[PDB]
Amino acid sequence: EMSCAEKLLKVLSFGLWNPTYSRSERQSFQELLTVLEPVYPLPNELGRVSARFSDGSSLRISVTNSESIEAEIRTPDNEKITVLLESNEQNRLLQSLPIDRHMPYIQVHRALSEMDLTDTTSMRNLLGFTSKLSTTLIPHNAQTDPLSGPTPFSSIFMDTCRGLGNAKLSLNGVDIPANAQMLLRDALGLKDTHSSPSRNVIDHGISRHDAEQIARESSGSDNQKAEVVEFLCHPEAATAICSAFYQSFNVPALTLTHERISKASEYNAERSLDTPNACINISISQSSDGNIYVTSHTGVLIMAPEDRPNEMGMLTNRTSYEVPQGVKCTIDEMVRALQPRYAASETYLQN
C-alpha cells in the first residue's frame, strides 16, 4: 500500500477538507501534514517545503514566484518523480503549505472539528496545525518594526530561556523534544534567566560532545542525527536558535489584530481558563551547502465579536529569515545582520 509521502501528496492534491474524508481520516492526514517543513527556498521560489517520513519516503514541494507548484516524491521502491500540481478553489493547496504570500487579506483557515482551545496542550496542538498553513505578508512601520527602536533583540536570551523546553523545535525536520531542548539550553551556557551565551559557544558553536548528546535524545535516523550534530557545531547555529525566540517578531501581526486579541483575553478571563499567552513552533533548516534558514511561529489567541460568524481562534505569525555565514550569537550581530520577513494568518475553531 501507499507510502506516507504518497498519502500526503494525495491529501494535498485533493484538499484536506475533501468531502470523501471522515473526521477520523482528516485527523490522520493532519498528522502527515506535521511532517511538512518550510526550508530555505531557491532564488526563483516563493516557498519550499520538505517532508521526510520514517518509512523512507519523502516529499519536497516548491512554489515558484509565479505560483507554479512542483512536488518531488521519493518512494521506497527507489522511484523518484516530480509531479506538477495546481492550486484551485477545491483543493486549497496554496493555503495548505507553510509559505508566505502577498494577498489583499490575512489568510483565514478552519481548525479541524476536534480541536479546541481549553488549555496549554490544545493551544500547542492548534499551532502544530497552523504552522503548516499559509500566511499573508504584512508590512511593518517604525512603531511595530522588531528591528527598530532603542534596543532591538535586547530580550533575546531571556526569550530563549523562556522558549527552550516550552516550544516545538525541529532541525532539518528532526524534532528536538523538551528534554533535548533543556540540554540545548545548557549547551548554550544559558544557566539562568539573566545570562547570555558563553564566549566559547559564541566563537566556536556548541561542542561536539554536547551536540552528540542533544541529537541522541532527538528523533531521526542516524544520518539525520549526524545532520543535527553538524548543524549544531556551527557558530551561527546558536545565532539561529536564539534569534528564533524573539518575542517582538509578532508585533506587526498583534497590532493589526489588537481588538480580537483583547476579546480573547477578556473571554478567557471571564470563564477562568488557563491558557498560555503565546505558543512557539520553530523550524530551522540548513541546506547541503550550509545555508541556514529560520522559520519561527508564534500563536496567540483571538476571538471574533459575538455578532460575527466565528468565535475563538489563533493568530499565527510566521517569521522567516536567513542567518548569514559569520553572524555570531550576540545582540549586536543579530541587529547588524538579520533581516526577517513577517506574515500572519487567522485560524478559527468550527461551530
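Note that residue numbering follows the sequence shown and begins at 1.
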| query | finding |
| --- | --- |
| Of 164-172 and 209-217, the stretch whose C-alpha atoms average the higher B-factor in the entry | 209-217 |
| Stretch with the greater mean C-alpha B-factor as recorded in the entry, comparing 193-201 against 76-84 | 76-84 |
| Identity of residue with top Cα B-factor, from 285, 27, 319, 50 | 27 |
| Residue with maximal Cα B-factor (values as given in the PDB entry) among 296, 66, 62, 58 | 66 |
| For residue 136, the third of its chain into which the C-alpha B factor falls | lowest |
| Chain third (lowest, middle, highest) by recorded CA B-factor, residue given as residue 104 | middle |
| Cα B factor band for residue 309 (lowest, middle or highest third within the chain) | highest |
| Residue 227 by Cα B-factor - lowest, middle or highest third of the modelled chain | lowest |
| Where the record places residue 39 (Cα B-factor, split into thirds across the chain) | lowest |
